[PDB]
Amino acid sequence: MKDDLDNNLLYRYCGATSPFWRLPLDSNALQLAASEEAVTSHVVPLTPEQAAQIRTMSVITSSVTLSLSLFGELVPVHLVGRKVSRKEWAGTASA
């Protein structure tokens, strides 16, 4: 099992070890929020292919792992979630 004391670059970047994420149908900016009520706006600009990969998720929960560049370092980010509405995907992330 991963050691929970391993430095977590999501925590350093957006303020949560397991942030909530959202990806719309009209933008390739991945939103990372420390809470579902948070008002700030940490984003990761996904490439078109990365965003298309998230959008293969259906309305049933599944997982996709993306290699995101945080602080110039490639971090495997594990996105669990689903298509939550006609035009939005959302879930929780870990890293």
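Values for this structure:
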| quantity | calculated |
| --- | --- |
| Failed item, numbered, when residue 58 is tested on (1) in a strand (DSSP E or B); (2) in contact with a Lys or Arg (Cβ under 7 Å, 6 or more places away or on another chain); (3) not hydrophobic (A, V, I, L, M, F, W, C) | (1) |
| Cross-chain or 6+ apart pairs with Cβ under 7 Å, segment 32-54 first and without any contact (Cβ under 8 Å) to a residue 40 or more places away in the chain and surrounded by 12 or more Cβ atoms within 10 Å (Cβ to Cβ), then in a loop (DSSP other than H, G, I, E, B) and aliphatic (A, V, I, L, M) | 34/16 |
| Any hit, segment 15-27, residues being part of a helix (DSSP H, G or I) and farther than 26 Å from residue 56 by Cβ | no |
| Residues satisfying the stated conditions in segment 30-45, i.e. assigned to a loop (DSSP other than H, G, I, E, B) and not hydroxyl-bearing (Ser, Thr, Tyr) | 34, 36, 37, 38, 39 |
| Segment 1-17, residues that are within 11 Å of the chain's Cα centre (by Cα) and either within 14 Å of residue 66 (Cα to Cα) or loosely packed, with under 15 Cβ neighbours inside 10 Å (or both) | 10 |
| Matching residues in segment 61-77 - criterion: being closer than 17 Å to residue 12 by Cβ and surrounded by 14 or more Cβ atoms within 10 Å (Cβ to Cβ) | 68, 70, 75, 77 |
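Ideal geometry is used to build each Cβ from the backbone, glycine not excepted, and the neighbour counts take in all protein chains shown. Read-outs throughout are calculated quantities, based only on the coordinates presented, and are distinct from any laboratory measurement.
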